[PDB]
Structures are given as structure tokens and as C-alpha cells.
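Protein chains in written order, with PDB author numbering: chain H, 173 to 381; chain A, 178 to 381; chain B, 173 to 381; chain G, 178 to 381.
A virtual CB, placed ideally from N, CA and C, is assigned to each residue, including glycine.
One structure is given here, and the rest of the page talks about it.
4 protein chains.
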Amino acid sequence: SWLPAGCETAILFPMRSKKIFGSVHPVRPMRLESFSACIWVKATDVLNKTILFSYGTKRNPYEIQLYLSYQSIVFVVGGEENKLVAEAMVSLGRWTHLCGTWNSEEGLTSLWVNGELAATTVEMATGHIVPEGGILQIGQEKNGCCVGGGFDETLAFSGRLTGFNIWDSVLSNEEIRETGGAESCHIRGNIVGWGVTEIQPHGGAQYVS
Amino acid sequence: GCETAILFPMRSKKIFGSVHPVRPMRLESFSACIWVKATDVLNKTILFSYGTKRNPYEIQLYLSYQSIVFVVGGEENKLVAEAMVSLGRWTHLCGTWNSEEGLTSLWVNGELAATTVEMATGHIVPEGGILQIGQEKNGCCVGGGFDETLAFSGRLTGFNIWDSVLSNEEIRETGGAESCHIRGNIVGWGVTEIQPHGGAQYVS
Amino acid sequence: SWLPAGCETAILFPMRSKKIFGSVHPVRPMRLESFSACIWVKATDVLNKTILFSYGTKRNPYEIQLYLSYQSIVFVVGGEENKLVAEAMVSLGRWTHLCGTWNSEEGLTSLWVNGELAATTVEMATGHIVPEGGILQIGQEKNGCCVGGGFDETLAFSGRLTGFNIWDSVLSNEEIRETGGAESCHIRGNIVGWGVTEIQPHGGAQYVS
Amino acid sequence: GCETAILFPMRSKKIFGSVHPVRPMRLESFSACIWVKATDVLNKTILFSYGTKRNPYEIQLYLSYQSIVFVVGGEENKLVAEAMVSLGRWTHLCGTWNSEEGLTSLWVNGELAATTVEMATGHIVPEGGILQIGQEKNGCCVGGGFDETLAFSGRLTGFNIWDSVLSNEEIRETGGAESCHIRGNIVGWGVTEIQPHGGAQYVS
Ligand SMILES: *[C@@H]1O[C@H](CO)[C@@H](O)[C@H](O)[C@H]1NC(C)=O
Ligand SMILES: *[C@@H]1O[C@H](CO)[C@@H](O)[C@H](O)[C@H]1NC(C)=O
Ligand SMILES: *[C@@H]1O[C@H](CO)[C@@H](O)[C@H](O)[C@H]1NC(C)=O
Ligand SMILES: *[C@@H]1O[C@H](CO)[C@@H](O)[C@H](O)[C@H]1NC(C)=O
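In C-alpha cells form, the structure reads like this:
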């Protein structure tokens, strides 16, 4: 069970279902004006839309998203209208490193894979800020589980995660390249870190340390 | 029968109720009645809510300091009845909606309280939502919980939802002594499944 | 089963044990400079020391207490050094009404039963302040429900409780007499009230109509 | 055996470990060693604590940004070793106490680090306390739980407590490659019961 870096803490999603997902509980509020989020992934199968991590309040279920689709990756911020698609990036069955970015001052969006720029644009959700007090999850969208499940079966994820880090400010180009190193496990953000901030798996999600 | 009434002894971040109607809830004109004996009322106190993923305020009936507010379609649509709630004693809250011209009217204790027109005219209530009692739709799972100030504090009974507008004769008949055997076409008291959670308990 | 007032929510403590107690979760902080408590009780048996409600931080387990002892009732605030005892107030098997009081400005202490003053004194815990962030419980000491931590058996309580209200200021003499009425449980305090503030029974403690 | 170990993947508000020693914990002179590989170090992160109802700080070993602090008796008594903790690497923390004259010394990696005298002389550690790992003493079901900042974040192994002050020869022998089958006379690794809670889990 090799892992990208010295990390020995990787969540495992055996098989998609309507009750499999992970939760995150940031210590500090999620009010963001410009955020950078990176995450490793070893996807097993990709459907029309597979969620890796998603943030959404009660009145807006797509405040933030980053999902795969066949051979493309999509980054959604602010709402369902905004998007950014990189083509022919992810290969099934191999580890890879994904990283986004955003800036509310000018609405500039970016997306990196394996430390090399893939797709970028400008004027995305300009003049917008993500409200605090929402709900964050990894591998699933924002849906209830108190009664009758609710998580659509096709949107779940199956594979491995690690190094899930969310900053709260724009990063540097060199730094985004560094986190993909072979011994970069000891680099963490200030909003959510790996192995520090609470992450509670549910419904079969299990650590594979 | 008139032998049961859900109890809400406290307000917290985990207390709520859930309902599981059988038939699809997508309706054009309906009517919902309920019995409320509120122990204490804040600015907002939900009795029964309804919302989808993209809409949390499809149907609501939330209390105020002294007024009952009926919301259909969304937040921006409101209807307020001023001074007909009294803590510590039973009362009959029930509202009526008609989508043909957005006609709306709120029936309290068997007497018309307020009425308006052109409220969500033509809007169709979608299905696939979650129908709760005493708590607004919010995070079901362990992700915090519902907003504390919204939860209910008291007892409830006789939750009914009809599939068609009700005549002025029908509403009065539901407020009678023996009305408890009357049940709604979509949701019926003592028939539809109810699962109190997080402290709330039945009372016989 | 008759109840003192028109209320219909009385907690039941069937039999004492090492895992029977009630918890309270005040909405607002417990930092108190002068507090007035209150409680209805129908005790079944009284041991050397039976607790009704107790508040204690991590570094001090006896910030506030009110326990029975045979025919006497004790009120402890600040620590074991402070105390106040009435002689023969309590009678087993019948409902009764108990109230406390305290003032940090001078240290005046009082205690009422059924609206008639029983014992009163001054100069205890003078110039004292109760720190916030503690743990509050009804009917048991502050030991810990945690595995490996068990409440001492003899200190538990068995009977009925209702109208548990904790104010945050000294009351009026007439008001203290009012709450003992036969239809007066519709008046409640602010720090804790009966029927609004969370009260979670544990280990067999059960609500009753 | 040293194959196993405890894991603390996150410093939440409910994560801790508990220990249940067999013999009474009332001791006059003792010695405790443990293996720590801290993922992240804060102003104060408890490794293993011990306290009674009146006394919550009978024995403790809490880390600082670069220092390790040994406490016996309460807050007023302390002992600090400055700059001998490295994140991401194994290290061997262990200390000794002698109540006859309050003689204390802290052994790190098998070499003396700091020493003092009159460290709470004559005081007798009482029994009846609660012995935890990675978290301070406090309620878990009521009042939320423990204090978040105190909780640990990393892995631990080889928790041992002895019943007599060790000699300079014994301490080094515990740091050897084959040392891991050695166990203390009060709490031994891999024999004493351990019940991780709130997300903690073993690792093999
Ligand atoms: C995937 O989603 C796109 C969204 O535009 C849709 O056009 C396409 O038909 C979908 N394919 C499926 C569900 O197989
Ligand atoms: C509830 O009512 C007022 C308006 O009537 C609202 O603005 C506020 O949120 C609540 N009032 C208070 C005093 O909190
Ligand atoms: C309570 O404690 C003693 C034993 O410690 C017990 O025998 C007696 O009933 C009570 N004595 C006093 C002084 O309260
Ligand atoms: C860390 O703790 C020391 C006391 O040991 C204190 O002086 C200092 O301000 C603390 N720093 C932070 C960042 O909490």
C-alpha cells in the first residue's frame, strides 16, 4: 500500500452508495475571499459527475465543488454557472495531485494537476464572497441522511484520499509545485490540514494508515 | 384517536420530527391544519416546514411573538396574522392555498384570519423534498445541526395535509370535538409515519 | 399522578445507582455574581448526603450545591467552607418547594422553603465570583460519566423534579412566595428554565406526564 | 509487542485514550517513559495525565513548541527541558521522581536533560484518580467534552510506569531495539487495558 509522500493516513471509500461520505469540521470560520485548495486522489471509476469535495450552505448547494468527469476535471465556485474544465488529465488507477485557486478581487480562476498548469480563466464569480456557516464534505454533495438516505448513488466516490488541505489566500506558483513532492507530507494549510483538523468518516469510510 | 400528542420538552440543536408521506407531494392547491400549544415563542419557531435541495422554503408555517406567518413558494412571499396566538392553551392553525390566481387565506380556530391574492400564482410545489415538524430543513447528519433558536418547545397533534382546497364548511368540521377521526388525503394524523428524534417523544 | 403545578413534565429517578443523573446545557454563560435558584422535589429516601443540583468546574467540584440530609437541607456556594442548614424542613413522601439566594457584593445568603424563610446568614464567599465554563448536573455530583469514572452510589437521588429554574439576580421576597402556587409553573428564569433549556436525562432517568 | 501502536489522526473535542491500571496508583517514587512522534505541537498538548476529583494535576507530561514539561503535584510545581522535541521523528521521553527529598530528573532519548530538587517533597500521590493518554481530565458526555487545544495529534507507543526510581543503567536499556518486550511494574505496554475513544484507533 504505497502512498505518494511520507503520509500514512489515507481515507478509503470501498464502493459508492447512498450513505458513504466524509465530514470536515474546520476550527475557524469558512468565510473566504480568496482560497486555494489542493488534494491528492487515486480514482477507481469516473461517472458523469463524481464529487471529491463540496461546500454548500442551506440556500446554495454548490458554493464550492471539484468533480471528475471521464477524462476531465471541473472546478465550480460561487454557483452552478461558473465552471472550469481541464481536458484529458486524469488516468484511472494511478495517484495524482489536484489543486485549485480563486481570487474574488478580479475573479481569476486557476487549476493545477501534478504541479503543471492545466486550465485557467478570468472573471469568474466576480465580486462574490463565500458565506460562513455552511457544511463541508469530501466525496459527496450537501444532502441529508437523517431519513431515507438522500445521497444520490452516482455522485459518490471510490478510491483513496490524502493531503486534503484548504488555504485561505492565493498561493505562489512555486509553492503549488512543491506540495506534489515525494516528501511533502509535512506541509499544511490554515483552514483545514491533514492529520490535524477533524475529519470523521461515515458509512464504511475507513483509515488505511 | 385523540389520545396522542407529540411532546417537545426542550429546544436544542438536535430536536426535530420527520414525516414520510406515501403519495408524491407535488401539489398545486392544498390545505394544512395543525394543533399548537406553544410553551414559549421566539422571533421564529417552525411548526412544519418543507423544502428541496435548491429551495428550503417551499412551504412553511412559523410563529412569531404574537403572529402566525404562512410562507409558500419562497422567502419573499409572506402572509401574517397579527394577534391570535396565546401561550399555554390549545389553538387551531390552518392555511389554504390556491395556485389558479395565487389566492391564499389563513384559517385560525375555524375563523378566517387573513387573506391575500396573487401569491405564487402558477408556481408548482416540487416533489423530492423533506417534510419535518417543529424544525426547519437543515443538516441532518453530524455536521453541527439545526439552528437552536428555531426549534419548537411544547406539544403538537393532529397534523393533516389535504390534496385540494377546503370549503368554509369543512374547516369548521375539523375543529369539532370528534374531528380527530378526520385525516388528510396526503398526510393523516395517527396514520402517516412519524419519527421523533433528538429528545422529542410521544405522549399517550 | 398529581403534580404540584399544572406542568406535565417531571423527571423521574427510579432508583439510585452509579450511572443515574441529569445534565443541563445553559444557552448563556454561567458566570454569576448573584444567583437565585429554585426546585420542586418529592424525595423518597434521604441518606447522609443526597444531591439535588450541583455545579463544579475542573479545579473545584463544589462551586454550588444543594443537598438534603435526613430532616435538614444544606446550601453550599464557593466551597466546603461555606454552608447553611435548616433544621427540620423536609418531610419524606410529599411535594415541597425549595429556593436559594446569594449576593457576592456583601455575601448575604438566604434559603426559603414553601415561601417561608427557614435559615439566613451573611458573610460567606465574600468578594467571590463563580467562573464560567463548568459542568452542571441535577441529582448527582461532578465525577464523570466517562468509562472508568463512576458516580458514588450513595450521593444519587430518587424522586421527582420539576420547575428547576436558576435566575441570575436576587429576587424579591413576594416573588419567591409566588412560585410556590398551585398554578404558577408558567413563570421561569433566564439562565435556566423548565421546558425550554436543554435537560438530557441519562441512565434510566425518564420524563413523565 | 512493538508491532502495534496508537494513532491520533486529529485533535478533535472528543478524542482521548483511557487506561485502567490493576494495582493501586498510590505511589511515592515512580518513573514513566513513553514514545512520542507528534504530528503537530501546540502551546500545550497532553501526552499522559493523572488526577483526582480535588486534584486534577497529580502527574502530567505536556509538550510545548520545543520543550517538554513534567508536573507533579499541581500547577505551581514544574520542570522544563528546552529544545529536545522534533516533529516527524520518534523520540523517547521519560522522567523520574523521588518523594523522600523531592529529587526529580527528566531523561530524554536515554540521556539526562534536566534535574531539580525539592520537587514536592513528602507529597503522596493519592489513588482513585483517572489515568488518561493524550488528553486532560474532564467530562466527556456533558459540557461538550475536553478542551480542543489540549488533545494530541500523532502516534504513541510503549507507555510504561514503574514503581521505583530507575538507575542510569535501566533507562538506557529501555531505549534499545529489543527493549519493547519490557514492561513496568504498574502499567505495562501491550498488557494493561487500553480503550481508545472518539476516533482514536490501534495500528498494526
Ligand atoms: C452528463 O452531463 C451532461 C451535462 O451537460 C449531459 O449533457 C450528459 O448527457 C450527461 N451524460 C450522462 C448522464 O451520461
Ligand atoms: C423578531 O422580530 C423582529 C421584527 O419584528 C426581527 O427583526 C428580529 O429578528 C426579532 N426581534 C428581536 C427583538 O429579536
Ligand atoms: C455523614 O458521615 C458519617 C461518616 O463519614 C456518617 O456516619 C454520618 O451519618 C454523617 N456524619 C456527619 C457528621 O455528617
Ligand atoms: C504559548 O505559551 C506560553 C506560556 O507557556 C505563552 O507565553 C505564549 O504566549 C503562548 N503562545 C501562543 C501562540 O499561544
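Quick one: list the residues of chain G neighbouring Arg231 (chain B), beta-carbon separation under 8 Å, in chain order.
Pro233
Which word fits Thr281 (chain H), buried or exposed, when buried means at least 16 other C-beta atoms lie within 10 angstroms of its C-beta?
buried
Taking Cβ-Cβ distances shorter than 7 Å, what residues in chain B pair up with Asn315 (chain G)?
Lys230
Check: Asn362 (chain B) C-beta below 6 Å from any heavy atom of ligand 2:
no
At a threshold of 6 Å, does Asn220 (chain B) count as lining ligand 3 (C-beta to nearest heavy atom)?
yes
Cα separation between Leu270 (chain G) and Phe225 (chain G)?
11 Å
Against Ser330 (chain A), what residues of chain B qualify as contacts under a CB-to-CB distance less than 8 Å, listed in chain order?
For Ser330 (chain A), the C-beta contacts it makes with chain B under 8 Å involve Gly367, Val368, in order along the chain.
Closer than 7 Å, Cβ to Cβ, to anything on chain B: give me those residues from the segment 293-314 of chain G, in chain order.
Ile307
Report the residues of the segment 195-214 of chain H with a CB closer than 7 Å to any CB of chain A, ordered along the chain.
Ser195
Less than 8 Å between the CB atoms is what I'm expecting for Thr292 (chain B) and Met187 (chain A), so what's the real figure, rounded?
Not confirmed; about 34 Å, so no contact.
Using three-state DSSP, classify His358 (chain A) as helix, strand or coil.
helix
Which residue or residues does DSSP assign as beta-bridge partners of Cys210 (chain A)?
Answer by DSSP bridge pairing, in chain order: A:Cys271, A:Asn337.
Opening and closing residue of the alpha helix (DSSP H) in which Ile348 (chain B) lies
345-350
Can you tell me which of B:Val285, B:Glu313, B:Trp366, B:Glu355 puts its alpha carbon nearest to the alpha carbon of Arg231 (chain G)?
B:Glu313
Integer-rounded CB distance, given that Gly194 (chain B) should sit under 8 Å from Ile371 (chain B)
6 Å
Which one or two residues does DSSP pair with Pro373 (chain G) in a beta bridge?
G:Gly194
How is the beta strand (DSSP E) around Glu288 (chain B) delimited, first residue to last?
Going by DSSP, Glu288 (chain B) is part of the beta strand (DSSP E) stretching over 288-293.
Roughly how many angstroms lie between the CA atoms of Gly299 (chain G) and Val249 (chain G), to the nearest whole one?
Cα to Cα, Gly299 (chain G) sits roughly 12 Å from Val249 (chain G).
Determine whether the beta carbon atoms of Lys221 (chain A) and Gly331 (chain A) lie at a separation below 7 Å.
Using a Cβ distance threshold of 7 Å, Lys221 (chain A) and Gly331 (chain A) do not count as a contacting pair.
Compare the C-beta of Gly178 (chain G) with all C-beta atoms of chain B and state if any pair is closer than 7 Å.
no
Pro201 (chain H) burial status per 10 Å Cβ neighbour count (16 or more: buried)
exposed
Note down, one range per segment and in chain order, each alpha helix (DSSP H) of at least 4 residues found wholly within the segment 214-263 of chain H.
Counting only runs of 4+ residues, no alpha helix (DSSP H) is found wholly inside the segment 214-263 of chain H.
Can you give me the start and stop residues for the beta strand (DSSP E) that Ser282 (chain H) sits inside?
280-285
Does the beta carbon of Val319 (chain G) come closer than 7 Å to any beta carbon on chain B?
yes
Show which residues of chain G have a CB atom less than 7 Å away from the CB atom of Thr181 (chain H).
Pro186
Thinking C-alpha only, which one of B:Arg349, B:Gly320, B:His358, B:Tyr239 is nearest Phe329 (chain B)?
B:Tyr239
Can you tell which of H:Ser189, H:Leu184, H:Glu205 has its C-alpha closest to the C-alpha of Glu304 (chain H)?
Taking only the C-alpha atoms, the option nearest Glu304 (chain H) is H:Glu205.
Unbroken beta strand (DSSP E) run spanning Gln378 (chain G), endpoints
378-380 is the extent of the beta strand (DSSP E) around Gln378 (chain G).
Going by CA-CA distance only, name the one from A:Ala182, A:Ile192, A:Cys179 that's closest to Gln309 (chain A).
A:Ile192
According to DSSP, simplified to helix, strand and coil, what is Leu327 (chain H)?
helix
So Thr268 (chain B) and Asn286 (chain B) are in contact, right, with Cβ under 8 Å, and what is the actual spacing, rounded?
6 Å
To which residues does DSSP link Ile183 (chain G) through a beta bridge?
Bridge partners of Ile183 (chain G): G:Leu333, G:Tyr379.
Three-way DSSP call (helix, strand, coil) for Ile307 (chain A) in this model
strand
Taking the CB atoms as reference points, tell me whether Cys357 (chain B) and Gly335 (chain B) lie closer together than 7 Å.
yes
Can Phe185 (chain G) and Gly311 (chain G) be called in contact, C-beta distance under 7 Å?
yes
Secondary structure of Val319 (chain H), DSSP reduced to three states
In this structure, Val319 (chain H) counts as coil in the three-state DSSP scheme.
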